[PDB]
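A look at the structure
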Protein chains: 2
Amino acid sequence: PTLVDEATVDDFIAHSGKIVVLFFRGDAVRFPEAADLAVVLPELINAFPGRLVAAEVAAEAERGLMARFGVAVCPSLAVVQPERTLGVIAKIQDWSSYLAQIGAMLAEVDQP
Amino acid sequence: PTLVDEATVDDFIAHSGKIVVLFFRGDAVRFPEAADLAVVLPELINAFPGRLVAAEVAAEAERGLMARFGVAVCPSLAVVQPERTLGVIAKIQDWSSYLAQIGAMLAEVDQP
C-alpha cells in the first residue's frame, strides 16, 4: 500500500518481483464507496501469500494511468504483470542454437 | 527491426501480445560480429509465427536499456515478456468476487 504517481509507478512495478495491484480510488464525494475497496485491498493482497503487492494511484496520476493500464472507471483495481527478461542470448551463435533458446523460453511462457 | 530508444520502446511494444526481442548491436569497431546477428534476427522472428516482435536498440539508448533489461554483453538479444494488464476489476465488488477474479488471473499466469 504505497502511493504512486506517474513519476514513481514505472520503477515500482518493474522491480516488485510480484504481480502489482494498482488501486484507482477517486474523489470521496463522487466515489465514497472507494474507501470500502481501500479497506479490503490489504486483505486481498494477503490472501495470495507472496504473489501480490499493492499501490494506490495518486489523484493527479489517475487520468494518465487509467489510459495506460486500460481502466475505464473508478474505483477499480488494475492487476499488472511487470516486465521480465526471459533470457539474454549473448555473442554470436549458430541458427540452431538461436531457435533452441528462443523455443525453450517460449515453452516456459506457455507451460511455467 | 525498427530502432527504438528509452523514450520510444514502451509505446513501440504496447498491446502487441507478443514477446519482445531487443537487439543490442554495438559499435562496428568493437562488435563487428553484431552485423551477423542483425542478418539472422528477422529470420528468427519469422520462425515463430505470431509470438515475437523485434526492435534494435538505438546506440544512445544502449547503456540505459542494458540496465533496464539486465544485459551485460554486446552483441545480444534480450528476450522480454513485456509489462501487461492481466485484468481490471471495476467498481466496488464483494469479497468472494475479488478473490475469484484475482485467483483466476493468477491461475492463467501459472498455466496459460
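Right, let's walk through the structure included here. (Residues numbered from 1 in each chain as written, not as in the entry; some residues may be left out. Chains lettered and ligands numbered in written order. Heavy atoms only, no water.)

**With respect to the relation of the copies chain B and chain A**
What counts here: Structural superposition of the copies relies on a least-squares fit of C-alpha atoms.
After a rotation of 180° and a shift along the axis of 0.1 Å, chain B superposes on chain A with an RMSD of 0.9 Å. When the rotation and shift are considered jointly, the pair of chain copies conforms to a two-fold rotation axis. The rotation axis passes nearest to the C-alpha of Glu-83 of chain B in chain B, at a distance of 1.3 Å.

**Here we look at the sheet that holds strand 2 (residues 19–24) of chain A**
We count it as follows: Pairing between strands is defined by DSSP: at least two bridges between the two strands are required. Helix and strand assignments follow DSSP, with helices taken as H or I runs no shorter than four residues and strands as E runs no shorter than two, numbered in order from the N terminus. To obtain each axis, a line is fitted to C-alpha atoms, and for helices this fit is confined to the stretch in contact; angles are then taken between N-to-C directions over 0 to 180 degrees. Note on contacts: a residue pair is in contact if any heavy atoms of the two residues lie within 4.5 Å.
Sheet architecture is open: five strands sit in the order 1(A)-3(A)-2(A)-4(A)-5(B), paired in mixed fashion. Each edge of the open sheet is held by one strand with a lone partner, namely strand 1 (2–4) of chain A together with strand 5 (84–90) of chain B. Pairwise comparison of adjacent strand axes, ignoring direction, gives a mean angle of 30° for this sheet. Sheet topology places strand 2 of chain A next to strand 3 (residues 52–57) of chain A; five bridges connect them, and they run parallel. Opposite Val-20 of chain A, over in strand 3 of chain A, you have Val-53 of chain A as the bridge partner. Helix 2 (residues 34–46) of chain A contacts strand 2, strand 3 and strand 4 (76–81) of chain A of the sheet and is inclined by roughly 165° relative to strand 2 of chain A. In the packing of helix 4 (residues 95–110) of chain B onto the sheet, contacts are made with strand 2, strand 3 and strand 4 of chain A together with strand 5 of chain B, and the angle to strand 5 of chain B comes to roughly 165°.

**A word on the packing of helix 4 (residues 95–110) of chain A against helix 2 (residues 34–46) of chain B**
A pair of packed helices is captured by two measures, namely the crossing angle of their axes and the spacing between those axes. The following threshold applies: Any angle between 65 and 115 degrees counts as roughly perpendicular, while under 35 counts as roughly parallel, over 145 as roughly antiparallel, and the rest as oblique. A crossing counts as left-handed when the near helix is turned anticlockwise from the far one by less than a right angle, and as right-handed when that turn is clockwise. When residues are grouped by polarity, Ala, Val, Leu, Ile, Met, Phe, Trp, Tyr, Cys and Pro land in nonpolar, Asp, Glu, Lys and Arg in charged, and all others, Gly among them, in polar.
The interhelical angle for the contact between helix 4 of chain A and helix 2 of chain B, taken along N-to-C directions, is 50°, at an axis separation of 11 Å. Put simply, helix 4 of chain A runs oblique to helix 2 of chain B. When you trace helix 4 of chain A past helix 2 of chain B, the crossing you get is right-handed. Residues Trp-95, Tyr-98 and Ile-102 of chain A of helix 4 of chain A touch helix 2 of chain B, and the partners they reach there are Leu-37, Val-40, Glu-43 and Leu-44 of chain B. The residue makeup of the contact of helix 4 of chain A with helix 2 of chain B, split by class, is six nonpolar, no polar and one charged.

**Focus: the interface of chain B and chain A**
Much of the literature gives interface size as the accessible area that the parts lose upon coming together. Inclusion rule: As a working definition, buried area equals the accessible area (1.4 Å probe) given up by two parts on being put together, with both sides summed. Between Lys or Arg on one side and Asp or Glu on the other, a salt bridge is scored when a side-chain nitrogen of the former is within 4 Å of a carboxyl oxygen of the latter. Any pair of nitrogen or oxygen atoms within 3.5 Å is treated as a polar contact; in protein, a donor-acceptor pairing is required on top of that, and neighbouring residues in sequence qualify only through side-chain atoms on both sides.
At the junction of the two partners, chain B supplies 44 residues and chain A supplies 47 residues. Between chain B and chain A, roughly 4,200 Å² of surface is buried when both sides are summed, and carbon and sulfur atoms account for 66% of that area. At the boundary of chain B and chain A, one finds four salt bridges. Close ionic contact of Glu-83 of chain A with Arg-68 of chain B constitutes a salt bridge, the shortest N to O distance being 2.8 Å. If you look at where chain B meets chain A, you find 17 residue pairs in polar contact. Contributing elements (two or more residues each) for the side of chain B that touches chain A: helix 2, helix 3 (62–69), strand 4 (76–81), strand 5 and helix 4 of chain B. Top contributing element to the side of chain B that touches chain A by residue count: helix 4 of chain B, with nine residues. Residues belonging to the side of chain B that touches chain A are distributed by class as follows: 29 nonpolar, six polar and nine charged. Two elements, strand 5 (residues 84–90) of chain A and strand 4 of chain B, share six bridges in a ladder whose sense is antiparallel. Across the sheet, the residue bridging to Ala-90 of chain A is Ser-76 of chain B, located in strand 4 of chain B.

**Things to note about the environment of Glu-56 of chain A**
Residues and elements named next belong to chain A. Looking at the secondary structure, you find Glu-56 in strand 3. Sequence separation of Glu-56 and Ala-38 is 18 residues, and the distance between their C-alpha atoms is 8.7 Å. Filtering out sequence-adjacent residues up to four positions away, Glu-56 remains in contact with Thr-2, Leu-3, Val-4, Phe-23 and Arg-25.

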